[PDB]
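Shown below, as structure tokens, is a lone chain in the form deposited in one PDB entry; questions about how it binds or moves come after it.
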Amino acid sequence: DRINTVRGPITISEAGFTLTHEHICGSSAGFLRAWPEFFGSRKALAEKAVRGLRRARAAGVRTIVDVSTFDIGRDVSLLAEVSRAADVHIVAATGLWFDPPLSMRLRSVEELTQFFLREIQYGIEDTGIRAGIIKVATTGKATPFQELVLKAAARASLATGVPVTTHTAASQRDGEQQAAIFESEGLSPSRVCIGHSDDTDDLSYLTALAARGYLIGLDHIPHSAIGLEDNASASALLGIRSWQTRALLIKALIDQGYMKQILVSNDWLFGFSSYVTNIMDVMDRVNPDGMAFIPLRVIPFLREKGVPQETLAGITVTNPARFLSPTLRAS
């Protein structure tokens, strides 16, 4: 009956319109604290985040799920501060992305399980802020270490009921290998969201996963380097497909009958240090709406394409609530 947020537990109904894959800041463990000037200042980053969150809130966003793990440099204190200042619920994550340091990479599945459990059950660092989701990632075939992470994520999810969400190389069909590893641990597909799914046009891939019970994360909607074909780093990160092309995947899935398994987001951020310098500016020019892109542009676009009101509401409110609600496997 409750979802853990950076301000404490909230009831399922309080979540409302939720963005399921976002970040306050895309960084590295200890980075923000050791080099805040990279972002101007910690205060500047916080203010930027508050402005963005307030604008998203004005557009109707009630909660965002910040899928920044330890290795994405998640700073829960920052999350709590901006959450309170903007009055937007923020769900924190545990798990590991694809930049774990040696202290993490050398751990066994058992040790990692304990770490994820710590962040979900007791709290992140010494804050008492409990994670409400487990984030994992692969970028093509999983590495040996990544298989361990996925297994630990499954074990933590099974013990706590908190869902798992992933980063994939959709092109490579990462989702299939992820599902395999998760199922090998007995995890229900309904507890899993296969992320960055809109990064591919393979509808066969998406649909087959959906068919198995998985949640499909169409969270890169505004990501596009069109118009910037000349910026190599940006094209590499953002792609050359339009937001409309990506958004159309939502309707496709809906048309195929999987409206209850779709999760939509922007994968936006206010700070981004784990890539080339300046990518943040580039991205903000590409999508000035930031996190508000979904409600301001995507939802209306889908409606114009014939997606009905109730389906739109189901996807943005219902689906996130069911996913986030901690749910233990029936015995």
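We number the residues from 1 along the sequence you see.
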Higher-B stretch (mean Cα B-factor, as the entry records it), 167 to 175 or 190 to 198 | 167 to 175
Which of the two stretches, 176 to 184 or 156 to 164, shows the higher mean Cα temperature factor in the record?
-> 176 to 184
Going by the entry, which of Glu125, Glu111, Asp87, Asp230 has the most elevated CA B factor?
-> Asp230
Would you mind finding, among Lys305, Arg33, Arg62, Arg51, the residue with the largest C-alpha temperature factor in the entry?
-> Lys305
Would you mind checking where the Cα B-factor of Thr94 ranks among the modelled residues of its chain, as the lowest, middle or highest third?
-> lowest
For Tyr214, the third of its chain into which the C-alpha B factor falls | middle
Cα B factor band for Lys141 (lowest, middle or highest third within the chain) | highest
Looking at the entry's B-factor column for C-alpha atoms only, identify whether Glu47 ranks in the lowest, middle or highest third of its chain.
-> lowest
Is the Cα B-factor recorded for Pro300 in the lowest, middle or highest third of its chain?
-> lowest
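Form solved in complex with a small molecule: not shown, discussed below.
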Within 4.5 Å of the small molecule in the entry with it bound, all of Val109, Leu112 and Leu158 (non-hydrogen atom) | no
Would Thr20 count as a contact of the small molecule in the entry with it bound, using a 4.5 angstroms cut-off between non-hydrogen atoms?
-> no
Is there a non-hydrogen atom of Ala59 within 4.5 angstroms of a non-hydrogen atom of the small molecule in the entry with it bound?
-> yes
Determine whether any heavy atom of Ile12 comes within 4.5 Å of a heavy atom of the small molecule in the entry with it bound, and answer yes or no.
-> no
Give a yes or no for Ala321: in the entry with it bound, does one of its heavy atoms lie within 4.5 Å of a heavy atom belonging to the small molecule?
-> no
